[PDB]
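Below is one structure, written out as structure tokens; the observations come after it.
Throughout, read-outs are computed from the coordinates displayed, never taken from laboratory work. Ideal geometry is used to build each Cβ from the backbone, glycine not excepted, and the neighbour counts take in all protein chains shown.
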Amino acid sequence: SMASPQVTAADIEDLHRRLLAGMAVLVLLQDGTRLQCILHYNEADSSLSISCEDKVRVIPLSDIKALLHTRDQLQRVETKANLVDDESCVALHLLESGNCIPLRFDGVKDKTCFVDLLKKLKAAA
């Protein structure tokens, strides 16, 4: 087909449900390593957690300054990993440290929904 799908509210809500239940992602390390992780949203204190190899990192929503999702945005990240070629990555640009955590989702649709959902949680905060 000439045409591409676009994400709906249902798509975004489905990702929301999975984020609350915890979902599988990878983190892409600066040296090129890939960590298998669980990504979770905690709506009580409005924070994301990323849990990999028995270690949990908590990022308050208010520490997430920006989301890097476009090819050009992600090309600015200093790393040996390939963040852009699968167009499945969002990096959390953090306010305090100014550094970035790149998350790779299962594919383009989840990657796309995540960006919208995060905006929604941030804008409603």
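Is there any pair with a first residue in segment 74-100 that is touching a residue at least 40 places away in the same chain (Cβ under 8 Å) and a second that is surrounded by 15 or more Cβ atoms within 10 Å (Cβ to Cβ) and of a type in the set (D, E, K, R) whose Cβ atoms are under 8 Å apart and which are 6 or more apart or on different chains, and what are they?
Close Cβ pairs (under 8 Å, with a partner that is surrounded by 15 or more Cβ atoms within 10 Å (Cβ to Cβ) and of a type in the set (D, E, K, R)) amount to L83/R104; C89/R104; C89/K111.
Suppose the filter is touching a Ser or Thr at 6+ places or on another chain (Cβ under 6 Å), closer than 26 Å to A124 by Cβ and either assigned to a strand (DSSP E or B) or of a type in the set (G, A, S) (or both); does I38 pass it? So that I can check it myself, show each step before the final result.
On the way: touching a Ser or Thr at 6+ places or on another chain (Cβ under 6 Å): yes; closer than 26 Å to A124 by Cβ: yes; either assigned to a strand (DSSP E or B) or of a type in the set (G, A, S) (or both): yes.
So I38 passes the test.
Quick one: is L61 within 25 Å of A124 (Cβ to Cβ) and in contact (Cβ under 8 Å) with a residue 40 or more places away in the chain?
Working: within 25 Å of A124 (Cβ to Cβ): yes; in contact (Cβ under 8 Å) with a residue 40 or more places away in the chain: yes.
When the stated conditions are applied, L61 passes them.
Condition test on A24, is it closer than 15 Å to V108 by Cα, surrounded by fewer than 16 Cβ atoms within 10 Å (Cβ to Cβ) and touching a residue at least 12 places away in the same chain (Cβ under 8 Å)? Show your work before the answer.
Values: closer than 15 Å to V108 by Cα: yes; surrounded by fewer than 16 Cβ atoms within 10 Å (Cβ to Cβ): yes; touching a residue at least 12 places away in the same chain (Cβ under 8 Å): yes.
Taking the combined requirement at face value, the residue satisfies it.
Could you run through segment 43-57 and say how many residues are more than 23 Å from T79 (Cα to Cα) and free of Cβ contacts under 8 Å to residues at least 12 places away in the same chain? Lay out the reasoning, then the answer.
Restricting attention to segment 43-57, the residues satisfying the condition of being more than 23 Å from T79 (Cα to Cα) are 43-47, 54.
This time we only want the ones that are free of Cβ contacts under 8 Å to residues at least 12 places away in the same chain, so: 44, 54.
Of the residues in segment 43-57, 2 are more than 23 Å from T79 (Cα to Cα) and free of Cβ contacts under 8 Å to residues at least 12 places away in the same chain.
Just one of (1) closer than 24 Å to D11 by Cα; (2) more than 14 Å from the chain's Cα centre (by Cα); (3) in a strand (DSSP E or B) trips up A44, so point out which.
All conditions are met except number (3).
Among the residues in segment 103-122, are any within 21 Å of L29 (Cβ to Cβ), assigned to a strand (DSSP E or B) and in contact (Cβ under 8 Å) with a residue 24 or more places away in the chain?
Within segment 103-122 (the criterion being within 21 Å of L29 (Cβ to Cβ), assigned to a strand (DSSP E or B) and in contact (Cβ under 8 Å) with a residue 24 or more places away in the chain), the answer is yes, since at least one residue qualifies.
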